[PDB]
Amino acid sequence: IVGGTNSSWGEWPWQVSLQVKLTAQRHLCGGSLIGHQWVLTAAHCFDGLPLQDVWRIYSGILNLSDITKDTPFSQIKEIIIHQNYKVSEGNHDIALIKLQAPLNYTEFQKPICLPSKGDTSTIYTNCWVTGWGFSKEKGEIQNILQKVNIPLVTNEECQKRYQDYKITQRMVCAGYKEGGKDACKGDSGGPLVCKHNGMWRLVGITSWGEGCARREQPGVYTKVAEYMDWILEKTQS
């Protein structure tokens, strides 16, 4: 996250860190807890070799530097990538992770609400993006979970900024005309959440953008509302 600030405990209890343990262990992507046994993330997080028994999913963690060998983590039972996803493209950048064991809910480990049927994106005026990604374009993973307030952008405006790509109805963009605040490398797969009727809703999954926090180059997010039929089908309700 560029231009954000430190989060506090319990502010974003659905945020998870997707890490890979080879000989070293590294954070690679964000994700969002959506139920006891389900995480929603970006399909591009899985573009590498599909190695078995390497992913560790950390929840209930605010500071990655607080993770030790004794810190509990979830493991992957199944990865469900959207059927129309292609590696060389940004479309359908969404994946479900089924965990090997259900997590119990706590103040620091609980699900984001999925968007409600029949809600236009213009109802969302208070939106935030979170993660442990770079705080500048040539930066590094951040220890304390960062947060930044960000306005949603119209699909017409977002398309104007990315004329070499197709910004579809299944995408939502967010950012500032003057840049300065944005998600960045290592934030992809995490949440874009907007607070409505006292509850946070998962509006986007951090996906892509040209650089980070550049002028007139907003972040592009997978629009979760446009994948609700798919999410419900794959989670068997």
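In this text, residue numbers run from 1 along the sequence as written.
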On average, are the C-alpha B-factors higher in 119-127 or in 101-109? 119-127
Mean B factor on CA atoms, stretches 62-70 and 190-198, record says higher is 62-70
Please work out which residue in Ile150, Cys158, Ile94, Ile79 has the highest C-alpha B-factor recorded for this crystal structure. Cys158
Take the CA temperature factors straight from the PDB entry and tell me which of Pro50, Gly35, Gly211, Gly31 peaks. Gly211
What third of the chain does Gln146 rank in for C-alpha temperature factor, lowest, middle or highest? lowest
Based on the deposited C-alpha B factors for this chain, I'd like to know if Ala24 is in the lowest, middle or highest third. highest
By the record's CA B-factor, is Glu11 among the lowest, middle or highest third of residues in the chain? lowest
Based on the deposited C-alpha B factors for this chain, I'd like to know if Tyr162 is in the lowest, middle or highest third. highest
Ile205: CA B-factor among chain residues, third -> lowest
